[PDB]
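Read through the structure below, which is laid out as structure tokens, and then see the notes.
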Amino acid sequence: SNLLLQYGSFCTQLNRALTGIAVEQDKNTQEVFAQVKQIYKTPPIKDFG
Amino acid sequence: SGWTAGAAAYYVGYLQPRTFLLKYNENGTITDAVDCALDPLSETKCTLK
Ligand SMILES: *[C@@H]1O[C@H](CO)[C@@H](O)[C@H](O)[C@H]1NC(C)=O
């Protein structure tokens, strides 16, 4: 670990890239599924013709 | 027995191998520091530099 201490910039940029990927995944799910802001419910009756 | 002690105090602590993040100001003086791996917030401050 003491020898690795001088590669902190490399490891920081690695973890920055991975954190960006993770935030991107959360954002992707949000854009696909959370388009509608309101949670509509199905009617109790199913008279859909 | 024929003596008295003047008022003074001293404090003793022990050093450990630690990683520190030191801040050198514009005049070259260490004005502040972060003891790394004290608490998780300090680890975050280390990683973010
Ligand atoms: C640095 O030295 C100069 C003296 O020329 C002084 O004016 C200044 O306050 C010093 N900077 C700090 C942060 O103490």
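Whatever order the structure lists ligands and atoms in, that order sets their numbers, starting from 1. As a basis for the values below, the full set of heavy atoms in this structure was taken, side chains included, without hydrogen atoms, waters or symmetry mates. So you know, we letter chains A, B, ... as the sequences are listed, proteins then strands, and number each from 1.
Of all the atoms in ligand 1, the ones that sit under 4.0 Å from a non-hydrogen atom of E26(B) are 11 (N), 13 (C). Applying the 4.0 Å criterion to heavy atoms of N25(B) picks out, from ligand 1, the atoms 13 (C).
Following chains of ILVMFWY side-chain contacts shorter than 4.5 Å, one can reach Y10(B) starting from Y14(B), so the two form part of one hydrophobic cluster.
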Q: Could you check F20(B) against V34(B) for side-chain contact (heavy atoms from CB on, under 4.5 Å), going step by step and ending with a plain yes or no?
A: CA-CA 6 Å; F20(B) 268 40; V34(B) 169; over 6 Å; no
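No more than 12 heavy atoms of other residues, nucleotides or ligands lie within 6.0 Å of OH in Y11(B), so this atom counts as exposed by the packing criterion.
Counting protein heavy atoms under 4.0 angstrom from atom 13 (C) of ligand 1 gives one or more. For atom 7 (O) of ligand 1, no protein heavy-atom neighbour is present inside the 4.0 Å cut-off.
Of all protein heavy atoms, the one closest to atom 1 (C) of ligand 1 is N27(B) ND2, 1.4 Å.
Between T47(B) and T12(A), the closest heavy-atom pair is O-CG2, 3.6 Å.
Judged purely by distance below 3.5 Å, without hydrogens or angles, the side chains of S42(B) and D39(B) pair a donor atom with an acceptor atom.
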